[PDB]
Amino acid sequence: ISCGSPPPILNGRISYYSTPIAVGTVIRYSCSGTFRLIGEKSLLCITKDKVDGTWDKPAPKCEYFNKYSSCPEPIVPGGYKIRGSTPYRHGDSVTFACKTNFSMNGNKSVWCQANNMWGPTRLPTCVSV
């Protein structure tokens, strides 16, 4: 199998990859100096049907740096933070983990966006299932 060219990113760049892209290849996204990267920065080429390759998540996005943005502390009931610390400014990230009795759903990491909200996804949940 192989993956097609990775999804583009406006106002950013993508690390080097050889073509055709083999399953297992990791690429890195970065923003153009002034902008801030929102979302997971590494994409992985995987295969689910053993025929075609596909990337394992959408590309992140670059936001123009807003020096004023500030996000409130994110709180996940049943989980706890393993990365991040106040104050949270544009582009800063937090990473959560769930307590032992709980299982995580959603992305474990969120970023402080220019609109003062954590994104690009909602906060993950920690639920006992």
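Quick note: we count residues from 1 along the sequence shown, nothing fancier.
Look over 10-18 and 113-121 in the entry and identify the one with the greater average Cα temperature factor. So the stretch with the higher mean C-alpha B-factor is 113-121.
Look over 49-57 and 35-43 in the entry and identify the one with the greater average Cα temperature factor. Looking at the record's C-alpha B-factors, the answer is 49-57.
Name the third of the chain's ranked CA B-factors that contains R28, choosing lowest, middle or highest. It falls in the bottom third of the chain.
How does the C-alpha B factor of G79 compare with the rest of the chain: lowest, middle or highest third? Within its chain, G79 is a lowest-third residue by C-alpha B-factor, going by the deposited values.
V94 CA temperature factor, ranked by third within the chain: It belongs to the lowest third of the chain when residues are ordered by C-alpha B-factor.
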